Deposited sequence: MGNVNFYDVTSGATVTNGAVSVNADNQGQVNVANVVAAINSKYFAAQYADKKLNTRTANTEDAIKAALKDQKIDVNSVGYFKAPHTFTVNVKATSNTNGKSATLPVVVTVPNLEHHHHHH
């Protein structure tokens, strides 16, 4: 009945997530690359009747909101100066909500 988050590859339910994203040599990251990393690794679904019904997460919005809470601006094409780490609260809602806290690490900052 509830939306849960799941590991894309195993299908196991998850409560906490983590991904790594490499910055470019100038320490910049694009939001679209964070979105792709998170959404490739984790998905949301409502389970019923031996079936998973996928639900869209607000990954992009969640990333920008996490960055703004760390006082990091993103430009109109999605670039920002990355911190070493930030936590994204990825949300998916039900039809009839779940939040996955995903720690993003940017490991290659000078």
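Coordinate coverage of the deposited sequence breaks at 1, 98-100, 115-120, these segments carrying no C-alpha atoms.
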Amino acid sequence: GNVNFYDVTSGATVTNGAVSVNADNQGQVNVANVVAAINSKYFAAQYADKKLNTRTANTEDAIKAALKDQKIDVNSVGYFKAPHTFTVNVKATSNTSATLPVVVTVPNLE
From here on, numbers count along this sequence of modelled residues.
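Taking the PDB entry as given, 87-95 carries the higher mean Cα B factor of the two stretches 17-25 and 87-95. For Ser76, the recorded CA temperature factor ranks within the middle third of the chain's modelled residues.
Remark: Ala48 belongs to the highest third of its chain, ranked by C-alpha B-factor as recorded. In the deposited entry, the Cα temperature factor of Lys41 places it in the lowest third of its chain's modelled residues. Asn30 sits in the lowest third of its chain by CA B factor, as recorded in the PDB entry. The PDB entry assigns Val102 a C-alpha temperature factor belonging to the lowest third of its chain's modelled residues.
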